[PDB]
$ cat final.pdb   # PDB, C-alpha atoms (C1' of nucleotides)
ATOM      1  CA  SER O   3       0.000   0.000   0.000
ATOM      2  CA  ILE O   4       3.079   2.251  -0.244
ATOM      3  CA  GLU O   5       3.409   4.646  -3.183
ATOM      4  CA  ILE O   6       6.849   3.815  -4.586
ATOM      5  CA  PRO O   7       7.764   6.311  -7.335
ATOM      6  CA  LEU O   8       9.822   4.890 -10.153
ATOM      7  CA  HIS O   9      12.158   7.783  -9.583
ATOM      8  CA  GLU O  10      12.539   6.443  -6.027
ATOM      9  CA  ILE O  11      13.332   2.949  -7.292
ATOM     10  CA  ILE O  12      15.855   4.268  -9.827
ATOM     11  CA  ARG O  13      17.537   6.088  -7.011
ATOM     12  CA  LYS O  14      18.035   3.068  -4.745
ATOM     13  CA  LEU O  15      19.872   1.326  -7.561
ATOM     14  CA  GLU O  16      22.076   4.204  -8.719
ATOM     15  CA  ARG O  17      23.389   3.916  -5.144
ATOM     16  CA  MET O  18      23.744   0.122  -5.356
ATOM     17  CA  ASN O  19      25.735   0.730  -8.522
ATOM     18  CA  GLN O  20      28.173   3.470  -7.489
ATOM     19  CA  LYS O  21      28.695   1.497  -4.278
ATOM     20  CA  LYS O  22      29.446  -1.692  -6.182
ATOM     21  CA  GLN O  23      31.576   0.469  -8.556
ATOM     22  CA  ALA O  24      33.652   1.998  -5.745
ATOM     23  CA  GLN O  25      34.364  -1.541  -4.531
ATOM     24  CA  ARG O  26      36.111  -2.589  -7.731
ATOM     25  CA  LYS O  27      38.105   0.630  -7.954
ATOM     26  CA  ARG O  28      39.414  -0.241  -4.456
ATOM     27  CA  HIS O  29      39.638  -3.996  -4.953
ATOM     28  CA  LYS O  30      41.525  -3.331  -8.228
ATOM     29  CA  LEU O  31      44.089  -1.132  -6.426
ATOM     30  CA  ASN O  32      44.550  -3.725  -3.653
ATOM     31  CA  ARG O  33      45.467  -6.379  -6.268
ATOM     32  CA  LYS O  34      48.037  -4.107  -7.930
ATOM     33  CA  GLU O  35      49.754  -3.404  -4.572
ATOM     34  CA  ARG O  36      50.000  -7.178  -4.012
ATOM     35  CA  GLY O  37      51.069  -7.833  -7.612
ATOM     36  CA  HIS O  38      48.212 -10.335  -8.048
ATOM     37  CA  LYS O  39      46.492 -11.222 -11.299
ATOM     38  CA  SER O  40      43.831 -13.739 -12.235
ATOM     39  CA  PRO O  41      44.744 -16.336 -14.928
ATOM     40  CA  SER O  42      42.733 -14.335 -17.461
ATOM     41  CA  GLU O  43      44.248 -11.027 -16.311
ATOM     42  CA  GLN O  44      47.674 -12.461 -17.177
ATOM     43  CA  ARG O  45      46.623 -13.724 -20.590
ATOM     44  CA  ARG O  46      45.361 -10.317 -21.722
ATOM     45  CA  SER O  47      48.529  -8.623 -20.526
ATOM     46  CA  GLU O  48      51.016 -11.025 -22.115
ATOM     47  CA  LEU O  49      49.138 -10.966 -25.405
ATOM     48  CA  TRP O  50      48.802  -7.188 -25.343
ATOM     49  CA  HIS O  51      52.590  -6.700 -25.444
ATOM     50  CA  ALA O  52      53.049  -9.459 -27.996
ATOM     51  CA  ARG O  53      50.798  -7.544 -30.395
ATOM     52  CA  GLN O  54      52.094  -4.012 -29.912
ATOM     53  CA  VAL O  55      55.806  -4.856 -29.713
ATOM     54  CA  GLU O  56      55.242  -6.955 -32.858
ATOM     55  CA  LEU O  57      53.952  -3.713 -34.446
ATOM     56  CA  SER O  58      57.083  -1.534 -34.853
TER      57      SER O  58
ATOM     58  CA  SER S   3      23.878 -16.793 -18.230
ATOM     59  CA  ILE S   4      23.825 -13.319 -19.804
ATOM     60  CA  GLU S   5      25.381 -10.445 -17.831
ATOM     61  CA  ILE S   6      23.004  -7.657 -16.875
ATOM     62  CA  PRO S   7      24.705  -4.276 -16.294
ATOM     63  CA  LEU S   8      22.972  -2.376 -13.512
ATOM     64  CA  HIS S   9      23.623   0.728 -15.614
ATOM     65  CA  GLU S  10      21.169  -0.926 -18.040
ATOM     66  CA  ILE S  11      18.435  -1.938 -15.563
ATOM     67  CA  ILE S  12      18.467   1.740 -14.610
ATOM     68  CA  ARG S  13      18.444   2.962 -18.221
ATOM     69  CA  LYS S  14      15.360   0.762 -18.702
ATOM     70  CA  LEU S  15      13.374   1.983 -15.722
ATOM     71  CA  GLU S  16      14.283   5.525 -16.740
ATOM     72  CA  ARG S  17      12.432   4.805 -19.993
ATOM     73  CA  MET S  18       9.416   3.177 -18.318
ATOM     74  CA  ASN S  19       9.056   6.384 -16.348
ATOM     75  CA  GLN S  20       9.041   8.985 -19.159
ATOM     76  CA  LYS S  21       6.602   6.828 -21.138
ATOM     77  CA  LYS S  22       4.510   6.810 -17.982
ATOM     78  CA  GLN S  23       5.033  10.587 -17.590
ATOM     79  CA  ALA S  24       4.093  11.652 -21.109
ATOM     80  CA  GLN S  25       0.962   9.514 -20.785
ATOM     81  CA  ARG S  26      -0.255  11.667 -17.920
ATOM     82  CA  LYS S  27       0.662  14.926 -19.686
ATOM     83  CA  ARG S  28      -1.450  13.954 -22.720
ATOM     84  CA  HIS S  29      -4.149  12.403 -20.568
ATOM     85  CA  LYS S  30      -4.317  15.399 -18.184
ATOM     86  CA  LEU S  31      -4.702  17.753 -21.132
ATOM     87  CA  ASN S  32      -7.328  15.497 -22.822
ATOM     88  CA  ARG S  33      -9.345  15.848 -19.622
ATOM     89  CA  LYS S  34      -9.171  19.638 -19.377
ATOM     90  CA  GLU S  35     -10.486  19.855 -22.964
ATOM     91  CA  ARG S  36     -13.600  17.878 -21.985
ATOM     92  CA  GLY S  37     -13.733  19.806 -18.694
ATOM     93  CA  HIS S  38     -13.827  16.568 -16.682
ATOM     94  CA  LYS S  39     -12.487  16.210 -13.134
ATOM     95  CA  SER S  40     -12.379  13.530 -10.453
ATOM     96  CA  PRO S  41     -14.285  13.529  -7.139
ATOM     97  CA  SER S  42     -10.826  14.051  -5.605
ATOM     98  CA  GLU S  43      -9.878  16.685  -8.169
ATOM     99  CA  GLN S  44     -12.996  18.580  -7.111
ATOM    100  CA  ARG S  45     -12.546  18.715  -3.330
ATOM    101  CA  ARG S  46      -9.001  20.038  -3.742
ATOM    102  CA  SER S  47     -10.064  22.745  -6.219
ATOM    103  CA  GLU S  48     -13.152  23.880  -4.296
ATOM    104  CA  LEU S  49     -11.218  23.769  -1.041
ATOM    105  CA  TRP S  50      -8.412  25.791  -2.615
ATOM    106  CA  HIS S  51     -10.530  28.808  -3.663
ATOM    107  CA  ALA S  52     -12.342  28.637  -0.347
ATOM    108  CA  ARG S  53      -8.957  28.613   1.392
ATOM    109  CA  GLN S  54      -7.597  31.192  -1.052
ATOM    110  CA  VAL S  55     -10.643  33.446  -0.682
ATOM    111  CA  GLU S  56     -10.593  32.983   3.126
ATOM    112  CA  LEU S  57      -7.197  34.687   2.906
ATOM    113  CA  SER S  58      -7.903  37.895   0.952
TER     114      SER S  58
ATOM    115  CA  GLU P   5      12.833   2.969   3.571
ATOM    116  CA  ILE P   6      12.443   0.725   0.501
ATOM    117  CA  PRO P   7      13.002  -3.041   1.047
ATOM    118  CA  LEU P   8      14.187  -4.943  -2.018
ATOM    119  CA  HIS P   9      11.315  -7.347  -1.476
ATOM    120  CA  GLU P  10       9.086  -4.527  -2.746
ATOM    121  CA  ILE P  11      10.996  -3.536  -5.855
ATOM    122  CA  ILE P  12      10.594  -7.223  -6.703
ATOM    123  CA  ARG P  13       6.824  -7.371  -5.947
ATOM    124  CA  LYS P  14       6.187  -4.048  -7.694
ATOM    125  CA  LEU P  15       7.901  -5.375 -10.800
ATOM    126  CA  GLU P  16       6.176  -8.749 -10.515
ATOM    127  CA  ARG P  17       2.725  -7.197 -10.988
ATOM    128  CA  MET P  18       3.958  -4.949 -13.791
ATOM    129  CA  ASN P  19       5.180  -7.932 -15.779
ATOM    130  CA  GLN P  20       2.049 -10.030 -15.131
ATOM    131  CA  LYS P  21       0.006  -7.059 -16.342
ATOM    132  CA  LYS P  22       2.036  -6.490 -19.507
ATOM    133  CA  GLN P  23       1.522 -10.241 -19.926
ATOM    134  CA  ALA P  24      -2.267 -10.000 -20.068
ATOM    135  CA  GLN P  25      -1.799  -6.805 -22.159
ATOM    136  CA  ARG P  26      -0.238  -9.104 -24.735
ATOM    137  CA  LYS P  27      -2.353 -12.219 -24.161
ATOM    138  CA  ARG P  28      -5.463 -10.111 -24.819
ATOM    139  CA  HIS P  29      -3.756  -8.135 -27.600
ATOM    140  CA  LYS P  30      -2.626 -11.375 -29.330
ATOM    141  CA  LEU P  31      -6.104 -12.951 -29.241
ATOM    142  CA  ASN P  32      -7.531  -9.708 -30.570
ATOM    143  CA  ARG P  33      -5.395  -9.874 -33.765
ATOM    144  CA  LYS P  34      -6.705 -13.408 -34.357
ATOM    145  CA  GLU P  35     -10.384 -12.511 -34.683
ATOM    146  CA  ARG P  36      -9.323  -9.946 -37.337
ATOM    147  CA  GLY P  37      -7.114 -12.478 -39.089
ATOM    148  CA  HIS P  38      -4.263  -9.961 -38.932
ATOM    149  CA  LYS P  39      -0.599 -10.924 -38.805
ATOM    150  CA  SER P  40       2.764  -9.225 -38.700
ATOM    151  CA  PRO P  41       5.118  -9.635 -41.698
ATOM    152  CA  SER P  42       7.219 -11.679 -39.237
ATOM    153  CA  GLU P  43       4.210 -13.903 -38.361
ATOM    154  CA  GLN P  44       3.647 -14.817 -42.035
ATOM    155  CA  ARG P  45       7.094 -16.305 -42.480
ATOM    156  CA  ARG P  46       7.041 -18.042 -39.070
ATOM    157  CA  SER P  47       3.745 -19.539 -40.299
ATOM    158  CA  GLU P  48       4.292 -20.435 -43.995
ATOM    159  CA  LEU P  49       7.856 -21.424 -43.135
ATOM    160  CA  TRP P  50       6.420 -23.838 -40.539
ATOM    161  CA  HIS P  51       3.865 -25.840 -42.612
ATOM    162  CA  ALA P  52       6.458 -26.718 -45.272
ATOM    163  CA  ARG P  53       8.330 -28.633 -42.560
ATOM    164  CA  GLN P  54       5.155 -30.452 -41.417
ATOM    165  CA  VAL P  55       3.712 -31.352 -44.858
ATOM    166  CA  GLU P  56       7.027 -33.251 -45.273
ATOM    167  CA  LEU P  57       7.010 -35.817 -42.416
ATOM    168  CA  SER P  58       4.573 -38.587 -43.482
TER     169      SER P  58
ATOM    170  CA  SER A   3      21.047  -2.000 -26.571
ATOM    171  CA  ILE A   4      20.019  -5.671 -26.027
ATOM    172  CA  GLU A   5      16.444  -6.450 -24.897
ATOM    173  CA  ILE A   6      16.016  -7.173 -21.185
ATOM    174  CA  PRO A   7      13.109  -9.473 -20.120
ATOM    175  CA  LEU A   8      11.556  -8.017 -17.007
ATOM    176  CA  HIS A   9      11.510 -11.565 -15.689
ATOM    177  CA  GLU A  10      15.315 -11.349 -15.625
ATOM    178  CA  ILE A  11      15.619  -7.964 -13.928
ATOM    179  CA  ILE A  12      13.403  -9.491 -11.276
ATOM    180  CA  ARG A  13      15.461 -12.677 -11.413
ATOM    181  CA  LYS A  14      18.479 -10.505 -10.574
ATOM    182  CA  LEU A  15      16.925  -8.693  -7.633
ATOM    183  CA  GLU A  16      15.663 -11.966  -6.199
ATOM    184  CA  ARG A  17      19.279 -13.159  -6.169
ATOM    185  CA  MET A  18      20.685  -9.892  -4.877
ATOM    186  CA  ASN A  19      18.185  -9.958  -2.041
ATOM    187  CA  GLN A  20      18.730 -13.630  -1.176
ATOM    188  CA  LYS A  21      22.350 -12.545  -0.651
ATOM    189  CA  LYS A  22      21.559  -9.595   1.641
ATOM    190  CA  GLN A  23      19.220 -11.954   3.529
ATOM    191  CA  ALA A  24      21.915 -14.604   3.949
ATOM    192  CA  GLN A  25      24.668 -12.275   5.205
ATOM    193  CA  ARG A  26      22.399 -10.865   7.895
ATOM    194  CA  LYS A  27      21.464 -14.417   9.000
ATOM    195  CA  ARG A  28      25.094 -15.391   9.650
ATOM    196  CA  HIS A  29      26.296 -11.921  10.661
ATOM    197  CA  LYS A  30      23.558 -12.187  13.356
ATOM    198  CA  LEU A  31      24.922 -15.551  14.460
ATOM    199  CA  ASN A  32      28.452 -14.033  14.493
ATOM    200  CA  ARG A  33      27.322 -11.354  16.982
ATOM    201  CA  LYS A  34      25.398 -13.785  19.144
ATOM    202  CA  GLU A  35      28.658 -15.798  19.468
ATOM    203  CA  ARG A  36      30.683 -12.762  20.573
ATOM    204  CA  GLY A  37      27.720 -11.752  22.782
ATOM    205  CA  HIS A  38      27.815  -8.307  21.165
ATOM    206  CA  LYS A  39      24.546  -6.345  21.007
ATOM    207  CA  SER A  40      23.534  -2.957  19.686
ATOM    208  CA  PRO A  41      22.059  -0.080  21.676
ATOM    209  CA  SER A  42      18.864  -0.612  19.655
ATOM    210  CA  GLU A  43      19.122  -4.328  20.457
ATOM    211  CA  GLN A  44      19.574  -3.678  24.169
ATOM    212  CA  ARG A  45      16.276  -1.794  24.490
ATOM    213  CA  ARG A  46      14.411  -4.107  22.105
ATOM    214  CA  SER A  47      15.585  -6.962  24.325
ATOM    215  CA  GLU A  48      15.131  -5.401  27.785
ATOM    216  CA  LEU A  49      12.074  -3.332  26.855
ATOM    217  CA  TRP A  50      10.600  -6.694  25.758
ATOM    218  CA  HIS A  51      11.355  -8.649  28.983
ATOM    219  CA  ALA A  52       9.346  -6.144  31.053
ATOM    220  CA  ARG A  53       6.374  -6.254  28.650
ATOM    221  CA  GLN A  54       6.766 -10.081  28.895
ATOM    222  CA  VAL A  55       7.096 -10.722  32.655
ATOM    223  CA  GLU A  56       4.126  -8.335  33.261
ATOM    224  CA  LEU A  57       1.395  -9.098  30.721
ATOM    225  CA  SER A  58       1.046 -12.921  31.235
TER     226      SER A  58
ATOM    227  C1'   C I   1      13.815 -13.783  23.212
ATOM    228  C1'   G I   2      12.453 -14.541  17.913
ATOM    229  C1'   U I   3      11.504 -12.880  13.427
ATOM    230  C1'   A I   4      12.136  -8.758   8.976
ATOM    231  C1'   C I   5      14.283  -4.739   5.970
ATOM    232  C1'   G I   6      17.657  -0.196   5.641
ATOM    233  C1'   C I   7      22.172   2.295   5.501
ATOM    234  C1'   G I   8      27.101   3.168   6.195
ATOM    235  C1'   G I   9      32.283   0.926   6.533
ATOM    236  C1'   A I  10      35.790  -2.395   4.497
ATOM    237  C1'   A I  11      38.503  -8.124   2.573
ATOM    238  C1'   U I  12      39.579 -12.214  -0.601
ATOM    239  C1'   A I  13      39.103 -15.022  -5.158
ATOM    240  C1'   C I  14      37.322 -15.874 -10.486
ATOM    241  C1'   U I  15      34.998 -14.599 -15.774
ATOM    242  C1'   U I  16      33.442 -11.818 -19.567
ATOM    243  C1'   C I  17      33.942  -7.594 -23.055
ATOM    244  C1'   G I  18      36.597  -3.477 -25.187
ATOM    245  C1'   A I  19      42.073  -0.246 -27.291
TER     246        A I  19
ATOM    247  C1'   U H   1      49.815  -1.519 -20.177
ATOM    248  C1'   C H   2      44.751   0.691 -19.774
ATOM    249  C1'   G H   3      39.454   0.850 -19.567
ATOM    250  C1'   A H   4      34.326  -1.230 -18.778
ATOM    251  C1'   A H   5      30.882  -5.207 -16.407
ATOM    252  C1'   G H   6      29.424  -9.680 -14.199
ATOM    253  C1'   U H   7      29.872 -13.765 -10.593
ATOM    254  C1'   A H   8      31.108 -16.294  -6.085
ATOM    255  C1'   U H   9      33.432 -16.619  -0.358
ATOM    256  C1'   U H  10      33.600 -13.060   3.511
ATOM    257  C1'   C H  11      33.879  -9.573   7.940
ATOM    258  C1'   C H  12      32.277  -4.971  11.000
ATOM    259  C1'   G H  13      29.107  -1.143  13.225
ATOM    260  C1'   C H  14      24.572   1.412  14.006
ATOM    261  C1'   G H  15      19.200   1.677  12.893
ATOM    262  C1'   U H  16      13.840   1.269  12.586
ATOM    263  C1'   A H  17      10.177  -2.842  12.452
ATOM    264  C1'   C H  18       7.047  -7.181  14.046
ATOM    265  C1'   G H  19       4.828 -11.015  17.661
TER     266        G H  19
ATOM    267  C1'   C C   1       0.040 -24.139 -35.507
ATOM    268  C1'   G C   2       1.408 -23.623 -30.352
ATOM    269  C1'   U C   3       4.657 -21.057 -26.995
ATOM    270  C1'   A C   4       8.142 -16.907 -24.434
ATOM    271  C1'   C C   5      10.070 -12.039 -24.521
ATOM    272  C1'   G C   6      11.367  -6.981 -26.600
ATOM    273  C1'   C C   7      10.155  -1.900 -28.656
ATOM    274  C1'   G C   8       7.758   2.056 -29.764
ATOM    275  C1'   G C   9       2.527   4.471 -30.394
ATOM    276  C1'   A C  10      -2.381   5.373 -27.914
ATOM    277  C1'   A C  11      -7.505   6.068 -25.375
ATOM    278  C1'   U C  12     -10.508   5.915 -20.574
ATOM    279  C1'   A C  13     -11.194   6.133 -14.729
ATOM    280  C1'   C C  14      -9.974   6.681  -9.774
ATOM    281  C1'   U C  15      -6.702   7.808  -5.034
ATOM    282  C1'   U C  16      -2.651   9.997  -2.136
ATOM    283  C1'   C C  17       0.702  13.620  -1.521
ATOM    284  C1'   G C  18       2.613  19.021  -2.034
ATOM    285  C1'   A C  19       1.456  25.608  -2.417
TER     286        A C  19
ATOM    287  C1'   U G   1      -6.263  27.489 -10.225
ATOM    288  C1'   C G   2      -1.342  24.955 -10.407
ATOM    289  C1'   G G   3       2.519  20.755  -9.821
ATOM    290  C1'   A G   4       4.039  15.657  -8.497
ATOM    291  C1'   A G   5       3.324  10.459  -7.926
ATOM    292  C1'   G G   6       0.514   5.580  -7.698
ATOM    293  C1'   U G   7      -3.256   2.074  -8.865
ATOM    294  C1'   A G   8      -7.595   0.190 -12.636
ATOM    295  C1'   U G   9     -10.299  -1.068 -17.559
ATOM    296  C1'   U G  10      -8.635  -1.277 -22.405
ATOM    297  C1'   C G  11      -6.335  -0.778 -27.856
ATOM    298  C1'   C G  12      -2.830  -0.763 -31.861
ATOM    299  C1'   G G  13       1.624  -1.704 -34.845
ATOM    300  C1'   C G  14       6.552  -3.862 -35.916
ATOM    301  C1'   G G  15      10.424  -7.000 -34.035
ATOM    302  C1'   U G  16      12.980 -11.115 -32.590
ATOM    303  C1'   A G  17      12.935 -16.129 -29.883
ATOM    304  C1'   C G  18      11.376 -21.339 -28.969
ATOM    305  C1'   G G  19       9.821 -26.327 -29.937
TER     306        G G  19
END

$ encode --input "final.pdb" --output "structure tokens"
Amino acid sequence: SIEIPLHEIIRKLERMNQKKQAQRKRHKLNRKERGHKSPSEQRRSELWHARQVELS
Amino acid sequence: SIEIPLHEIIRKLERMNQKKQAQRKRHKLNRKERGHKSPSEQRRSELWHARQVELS
Amino acid sequence: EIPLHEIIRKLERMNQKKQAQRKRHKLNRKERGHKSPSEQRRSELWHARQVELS
Amino acid sequence: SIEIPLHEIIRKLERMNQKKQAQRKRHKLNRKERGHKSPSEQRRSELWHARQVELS
RNA sequence: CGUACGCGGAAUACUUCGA
RNA sequence: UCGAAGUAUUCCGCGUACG
RNA sequence: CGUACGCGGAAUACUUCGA
RNA sequence: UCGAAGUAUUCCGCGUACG
């Protein structure tokens, strides 16, 4: 029986997003300071050089 | 197993809302042109003049 | 204070309504004998496959 | 720019919630183990014992 | 005591896209 | 080397609410 | 043929807020 | 007389997508 404006629903999520966003930004930094990468994270990196060095 | 960006869920509800807004705008106008009002839309109006008159 | 439980429930109804909005709307096009360009293909493309089994 | 079935948006929130729900459940059991309560929880508790010992 | 949502504050791991 | 998102395993504090 | 979604485009009615 | 939001009956067109 509560009037829940769409605008008010939108809002709650925007928050849930920027929150969840700020968590990666921080988690990302934490992983750099440890020097950690996920299997995939490595594979992108390695390949990236391969390509661009192979360019000149 | 498709990924659903919150930024999208938002973008969607944003749409739902304007569509829902413009409806009213048209609808509200359509009413005025017939001169129709609701039982609720009456009390408020009547009560407003009465209040507004009871001021001057 | 907006519990998630509500966002859910609010959206539930909305879907179930847009459901009937179609279910009715679909049935309505049938009594006219109207189809979409897309519905023609999906229809005439379908029989060809069935008239070929027996 | 892909279509998003409202069933799936919902399907996401359901999940999301069932998480929130499950953290609180264990987080609650974590407190109970340390015997830690909240100011709110102190009243709620005490203010309940007096309405309990009296009214029966 | 038991149940229920809200919010603010932070870990750790994995995958997917894109230059 | 950058950028974007998604998924799981976690911890802390306060705050209404309901019998 | 049956079934599940998406999108954009409309009418009509009623209620709660707020000056 | 203005602004905002929420619920209801109902209608139309194209698009996929499934067996």

$ resolve_selection --input "final.pdb" --expression "the PyMOL selection byres ((chain S) within 10 of (chain C))" --output "list in words"
residues 21, 25, 29, 32, 40, 41, 42, 43 and 50 of chain S

$ write_last_selection --input "final.pdb" --atoms "C-alpha atoms" --output "short mmCIF file (atom, residue, chain, number, x, y, z; two decimals), in the coordinates of the input"
data_model
loop_
_atom_site.label_atom_id
_atom_site.label_comp_id
_atom_site.auth_asym_id
_atom_site.auth_seq_id
_atom_site.Cartn_x
_atom_site.Cartn_y
_atom_site.Cartn_z
CA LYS S 21 6.60 6.83 -21.14
CA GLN S 25 0.96 9.51 -20.78
CA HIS S 29 -4.15 12.40 -20.57
CA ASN S 32 -7.33 15.50 -22.82
CA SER S 40 -12.38 13.53 -10.45
CA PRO S 41 -14.28 13.53 -7.14
CA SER S 42 -10.83 14.05 -5.60
CA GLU S 43 -9.88 16.68 -8.17
CA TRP S 50 -8.41 25.79 -2.62
#

$ interface_residues --input "final.pdb" --of "chain G" --to "chain O" --cutoff "10 Å" --atoms "all atoms listed in the file" --output "JSON, numbers by chain"
{"G": [5, 6, 7]}

$ atom_distance --input "final.pdb" --atom1 "atom CA of residue O:18" --atom2 "atom CA of residue A:12"
15.3 Å

$ interface_residues --input "final.pdb" --of "chain P" --to "chain O" --cutoff "9 Å" --atoms "all atoms listed in the file" --output "PDB file with C-alpha atoms, keeping the file's coordinate frame"
ATOM      1  CA  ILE P   6      12.443   0.725   0.501  1.00  0.00           C
ATOM      2  CA  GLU P  10       9.086  -4.527  -2.746  1.00  0.00           C
ATOM      3  CA  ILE P  11      10.996  -3.536  -5.855  1.00  0.00           C
ATOM      4  CA  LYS P  14       6.187  -4.048  -7.694  1.00  0.00           C
TER       5      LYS P  14
END

$ calpha_fit_and_write --input "final.pdb" --fixed "chain A" --moving "chain S" --output "mmCIF file with C-alpha atoms, keeping the file's coordinate frame"
data_model
loop_
_atom_site.group_PDB
_atom_site.id
_atom_site.type_symbol
_atom_site.label_atom_id
_atom_site.label_comp_id
_atom_site.auth_asym_id
_atom_site.auth_seq_id
_atom_site.Cartn_x
_atom_site.Cartn_y
_atom_site.Cartn_z
ATOM 1 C CA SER S 3 20.562 -2.046 -28.310
ATOM 2 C CA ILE S 4 20.310 -5.318 -26.367
ATOM 3 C CA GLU S 5 16.846 -6.459 -25.238
ATOM 4 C CA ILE S 6 16.369 -6.736 -21.492
ATOM 5 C CA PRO S 7 13.617 -9.182 -20.439
ATOM 6 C CA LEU S 8 11.825 -7.917 -17.350
ATOM 7 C CA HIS S 9 11.706 -11.565 -16.275
ATOM 8 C CA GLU S 10 15.507 -11.177 -16.055
ATOM 9 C CA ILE S 11 15.683 -7.852 -14.172
ATOM 10 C CA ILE S 12 13.485 -9.615 -11.622
ATOM 11 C CA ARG S 13 15.595 -12.789 -11.586
ATOM 12 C CA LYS S 14 18.577 -10.522 -10.841
ATOM 13 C CA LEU S 15 17.061 -8.592 -7.962
ATOM 14 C CA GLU S 16 15.840 -11.902 -6.563
ATOM 15 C CA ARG S 17 19.514 -12.894 -6.360
ATOM 16 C CA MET S 18 20.676 -9.595 -4.838
ATOM 17 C CA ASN S 19 18.161 -10.231 -2.087
ATOM 18 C CA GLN S 20 19.131 -13.772 -0.998
ATOM 19 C CA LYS S 21 22.807 -12.768 -1.018
ATOM 20 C CA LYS S 22 21.729 -9.879 1.178
ATOM 21 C CA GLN S 23 19.617 -12.262 3.312
ATOM 22 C CA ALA S 24 22.242 -14.929 3.940
ATOM 23 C CA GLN S 25 24.647 -12.151 4.930
ATOM 24 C CA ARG S 26 22.401 -11.190 7.821
ATOM 25 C CA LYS S 27 21.827 -14.816 8.872
ATOM 26 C CA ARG S 28 25.594 -15.401 9.151
ATOM 27 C CA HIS S 29 26.203 -11.955 10.592
ATOM 28 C CA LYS S 30 23.368 -12.253 13.153
ATOM 29 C CA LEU S 31 24.746 -15.585 14.326
ATOM 30 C CA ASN S 32 28.360 -14.255 14.441
ATOM 31 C CA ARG S 33 27.058 -11.604 16.829
ATOM 32 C CA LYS S 34 25.243 -13.962 19.196
ATOM 33 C CA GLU S 35 28.474 -15.983 19.539
ATOM 34 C CA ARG S 36 30.333 -12.882 20.760
ATOM 35 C CA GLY S 37 27.261 -11.901 22.800
ATOM 36 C CA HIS S 38 27.185 -8.435 21.211
ATOM 37 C CA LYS S 39 24.025 -6.358 20.751
ATOM 38 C CA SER S 40 23.127 -2.886 19.515
ATOM 39 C CA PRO S 41 21.824 0.027 21.619
ATOM 40 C CA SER S 42 18.557 -0.597 19.742
ATOM 41 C CA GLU S 43 18.792 -4.358 20.197
ATOM 42 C CA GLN S 44 19.023 -3.711 23.934
ATOM 43 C CA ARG S 45 15.998 -1.463 24.495
ATOM 44 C CA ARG S 46 13.755 -3.927 22.656
ATOM 45 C CA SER S 47 15.034 -6.922 24.654
ATOM 46 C CA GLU S 48 14.935 -5.220 28.063
ATOM 47 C CA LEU S 49 11.550 -3.720 27.264
ATOM 48 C CA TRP S 50 10.274 -7.129 26.171
ATOM 49 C CA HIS S 51 10.997 -8.980 29.448
ATOM 50 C CA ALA S 52 9.708 -5.990 31.374
ATOM 51 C CA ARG S 53 6.557 -6.097 29.243
ATOM 52 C CA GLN S 54 6.496 -9.898 29.386
ATOM 53 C CA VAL S 55 7.035 -9.967 33.154
ATOM 54 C CA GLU S 56 4.459 -7.163 33.629
ATOM 55 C CA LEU S 57 2.007 -9.691 32.187
ATOM 56 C CA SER S 58 2.505 -12.797 34.357
#

$ atom_distance --input "final.pdb" --atom1 "atom CA of residue A:13" --atom2 "atom CA of residue P:12"
8.7 Å

$ resolve_selection --input "final.pdb" --expression "the PyMOL selection byres ((chain P and resi 22-33) around 12)" --output "PyMOL selection string"
(chain P and resi 15-21+34-40+43) or (chain A and resi 7-9) or (chain C and resi 3-6) or (chain G and resi 9-13)

$ atom_distance --input "final.pdb" --atom1 "atom CA of residue P:5" --atom2 "atom CA of residue A:23"
16.2 Å

$ interface_residues --input "final.pdb" --of "chain H" --to "chain P" --cutoff "12 Å" --atoms "all atoms listed in the file" --output "VMD selection string"
chain H and resid 15 to 17

$ interface_residues --input "final.pdb" --of "chain P" --to "chain C" --cutoff "10 Å" --atoms "all atoms listed in the file" --output "PyMOL selection string"
chain P and resi 23+46-47+50-51
